[PDB]
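To begin, one chain is listed below as structure tokens, in the form deposited in one PDB entry.
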């Protein structure tokens, strides 16, 4: 990547001029029952730690958000098992960190940037007179587990539990496993099995696999903490809604990291969800043009949100229309609509550089909704 600031995509500059920023400490108690407003148009499955960009034009939505800015600034994003029937049993809370309202020309527009915070289960869903939906919600706790050996560790061996910091050498990981899981001899299972349930080892395996697909991730872009790392990878994985909802249901970082590793090993190809007879791209093509990762939520001019995955090369797509820089999510690039050759479905857009110096000159933005993960 040359002449492209990978921090621009996360800024959402297309939303407009500098937006007022709010620092929020609102977190509901674990297992608490709370009533949270739901925006009707939003249909995405939000993952904790994932930024959601929203543009609201309907008076009822604008008033609810303006009222929301005062108070918690928290709204509920529902993971819909059935989009047509509006059926959702699980969801993620979203907290607004950036807000701007435009009244120019007498047209009232609210633009907001929000971050996913807490997972929840839908106890009840009710529709108010304004048309806004209020959801009865039960907060789902983030399960943090102690080390497996903490229950069985010898007190004499407790002194050796902390170990000298690694210079990810293979020799160091063998030493880590032997020292960390030595008390496994007291149990019915081997040390290597405990490593399969160890967060640090699992994150290292995900980082190594990601580095192979994206050598450009030379820096430690991923978060050090297991919970943040698990949420970051889950948001960026190009997977179908049912798999994403199952990942959202997981309450343990260890389980989430294991599910992500299994998906990364199992899935190699991405295809059109409609026809399913077109291979749009491969894992090697996937790359992160944003600090956040390969895939992020972006909002269109009509307020619709698309999770767009950045790939160097896409195939079996037809380009319709002329390149436009208008409302471009990636600044310095023009977008042209891309349709599947067989079924004409809108998979995404091809982004072309407006300047010769910029690298990459061309890249493809693919919507997760239009893509199905395929296992060879």
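Heads up, when I say rigid core I mean the largest set of C-alphas that superpose within 1.5 Å between the two forms. Positions refer to the first chain, counted from 1.
This protein has a second form, the form deposited in another entry, left out of what is shown; the following refers to that one.
Colleague: Which listed residue, 161, 221, 147, 255, is the one whose CA shifts 2 angstroms or more between this form and the one not shown with the rigid core aligned?
Modeller: So the residue whose C-alpha moves 2 Å or more is 221.
Colleague: Rigid core superposed, CA of residue 75 - does it shift 2 Å or more between this form and the one not shown?
Modeller: No.
Colleague: After the core is matched up, is the C-alpha of residue 289 off by 2 Å or more between this form and the one not shown?
Modeller: Superposed on the core, residue 289 moves its C-alpha 2 Å or more between this form and the one not shown.
Colleague: After core superposition, I'd like to know whether residue 334 moves between this form and the one not shown (criterion: C-alpha shift of 2 angstroms or more).
Modeller: It does, since the residue 334 C-alpha is displaced 2 Å or more between this form and the one not shown after the core fit.
Colleague: Closer or farther: how do the Cα atoms of residue 162 and residue 218 compare in the other form versus the shown form, where the change is at least 3 Å?
Modeller: Relative to the shown form, the pair is closer.
Colleague: Can you tell whether residue 50 sits closer to or farther from residue 213 in the other form than it does here, judged by CA atoms, where the change is 3 Å or more?
Modeller: Relative to the shown form, the pair is closer.
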